[PDB]
Structures are given as structure tokens and as C-alpha cells.
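*Asks:* Quick one: experimental structure and sequence below.
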Amino acid sequence: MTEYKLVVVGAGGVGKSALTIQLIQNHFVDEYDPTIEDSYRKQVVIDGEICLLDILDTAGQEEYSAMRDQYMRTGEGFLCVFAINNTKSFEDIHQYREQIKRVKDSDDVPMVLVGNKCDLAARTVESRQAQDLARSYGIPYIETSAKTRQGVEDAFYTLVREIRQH
Ligand SMILES: Nc1nc2c(ncn2[C@@H]2O[C@H](COP(=O)(O)OP(=O)(O)NP(=O)(O)O)[C@@H](O)[C@H]2O)c(=O)[nH]1
Ligand SMILES: [Ca+2]
Ligand SMILES: [Mg+2]
Ligand SMILES: [Mg+2]
Ligand SMILES: [Mg+2]
């Protein structure tokens, strides 16, 4: 079976861990425990083939973000996550895109832009603004909620499959 190495990046608190845990373990993490670097692995059938997903859940807090670059190196595709109620996290997305380009030494890396926390009503990033950013990068934009599960499989499966196009 084919192995896909996925990496989830973005600012502190945007819901990287909650997204990954919802996908892999089918529950919502309500509390906020900042991540250093965690890994998850699971076999799943995507569009008709058994896939081993290896998912690296990275730190968004700068204090916990030491050595993030080395662990990301083997990443084949990246989820770049912001929260729709956190304008700064959206403005921060370029930092992550630049880091990915530097770790992979490439301008053509499989990626998906994810607007998380779409269940929340205090939206400050409109869908259209994020679509425009994604278009500039040549990548999909998908909204998610780790709380309700909306879009969660779609985000990770879009990623696994952008990889199949490269
Ligand atoms: N309402 C709502 N809350 C969410 C969602 N995703 C995450 N949260 C909440 O936001 C907080 C931070 O989530 P977490 O997944 O830890 O964020 P992170 O991006 O992994 N943080 P770090 O970079 O420090 O590891 C938690 O309280 C979590 O419940 C979501 O889709 N909706
Ligand atoms: Ca819970
Ligand atoms: Mg985390
Ligand atoms: Mg490099
Ligand atoms: Mg505005």
C-alpha cells in the first residue's frame, strides 16, 4: 500500500491538533494543550486504494516550534491552517508557505489552504478572501470544523490527492 506523509502547519491555536485528532480518532478535543511535535498513522481507503497516512502535527507556538523544520523535511504534502475568527492567523499563512518552500527546496509542493473553526460565528476572514489567496498559490481552499467534523475528511483527502497530481 502507498504511504502518504502529511504535515499540518499554521499559527498557534488554529486547530491543527483538533483537526488531526478528529480525522484519526473521531472525537473533538475541547481543551487547548499546545503541541511540540506529534505523529499519527492510520490505514484508510481513499478513492479505492489502501493508503497509509502518516500525519505530523506541528507546533504553532513559537516557544514550542524548535526543530519544526527538520521534522517537516520528509513531508510530501502540507495542510496550511488558519482560523476564520483569527485574522492574524490568515495574515501569517505566508510565513508557513515560505518555510515549506525552504524545507522542500521547491516552488511546487502539494498543499491545501484550510479555514478552520467554520462552526464559529465571529468570522473575520470571509471565504472569498481565502479563495483569492489559495488561487494565487495554485491550491485548493477548504473550510473545516474540527468540532462538527464538517470538511475534515475533505481537507485531508484533497491533500492526499493534490499529491497524486504532482
Ligand atoms: N469551535 C471550535 N473550536 C476549535 C476548532 N478547532 C479547534 N478548536 C479549539 O481551539 C483550541 C486550540 O485547538 P488546537 O487543536 O489545540 O490548536 P493547535 O493549532 O493544535 N495549537 P498549537 O499550535 O499550540 O499546537 C482548542 O480549545 C480547541 O477545542 C473548531 O473547528 N471549532
Ligand atoms: Ca471532547
Ligand atoms: Mg496542536
Ligand atoms: Mg532548503
Ligand atoms: Mg474584512
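*Replies:* Alright, I've got the coordinates. Residues are numbered from 1 along each chain as shown. Ligands and ions are numbered 1, 2, ... in the order given.
*Asks:* Checking residue 162 next. Helix, strand or coil?
*Replies:* Following DSSP: H, G, I helix; E, B strand; the rest coil, residue 162 is assigned to helix.
*Asks:* wait, doesn't it sit right on residue 113?
*Replies:* No. Residue 162 lies out of contact with residue 113 (C-beta atoms under 8 Å); the separation is 11.0 Å. All C-beta spots, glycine's among them, are computed from the backbone N, C-alpha and C.
*Asks:* between those two, who's got more neighbours?
*Replies:* For residue 162 versus residue 113, the count of surrounding residues by other C-beta atoms under 10 Å is larger for residue 113: 26 against 19.
*Asks:* Am I right that the more buried one is in a strand?
*Replies:* Yes. Under three-state DSSP, residue 113 sits within a strand.
*Asks:* if I pick it, what's in contact with it?
*Replies:* 80, 82, 93, 130, 133-134, 137, 139-142 (C-beta atoms under 8 Å, 6 or more residues apart in numbering).
*Asks:* that older thread, who touches both of residue 162 and residue 113?
*Replies:* Going by C-beta under 8 Å, 6+ apart, residues that sit against residue 162 and also against residue 113 are 139-140.
*Asks:* about what we covered before: nearest to residue 55, of the contacts of residue 113?
*Replies:* residue 80 (14.3 Å; C-beta to C-beta).
*Asks:* Which residue comes closest to residue 19 once chain neighbours are left out?
*Replies:* residue 146 (4.7 Å; C-beta to C-beta, 6 or more residues apart in numbering).
*Asks:* what's that neighbour in contact with, if anything?
*Replies:* 15, 18-19, 21-22, 28-29, 116-117, 152.
*Asks:* Format those as JSON lines; extra columns: neighbour count, secondary structure and distance to residue 50.
*Replies:* Output for the contacts of residue 146, formatted as JSON lines (neighbours: other C-beta atoms under 10 Å; DSSP: H, G, I helix; E, B strand; the rest coil; distance: C-beta to C-beta, whole Å):
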{"residue": "15", "neighbour count": "27", "secondary structure": "coil", "distance to residue 50": "28"}
{"residue": "18", "neighbour count": "25", "secondary structure": "helix", "distance to residue 50": "26"}
{"residue": "19", "neighbour count": "29", "secondary structure": "helix", "distance to residue 50": "22"}
{"residue": "21", "neighbour count": "20", "secondary structure": "helix", "distance to residue 50": "22"}
{"residue": "22", "neighbour count": "22", "secondary structure": "helix", "distance to residue 50": "21"}
{"residue": "28", "neighbour count": "15", "secondary structure": "coil", "distance to residue 50": "27"}
{"residue": "29", "neighbour count": "16", "secondary structure": "coil", "distance to residue 50": "27"}
{"residue": "116", "neighbour count": "30", "secondary structure": "strand", "distance to residue 50": "28"}
{"residue": "117", "neighbour count": "25", "secondary structure": "coil", "distance to residue 50": "32"}
{"residue": "152", "neighbour count": "23", "secondary structure": "helix", "distance to residue 50": "20"}
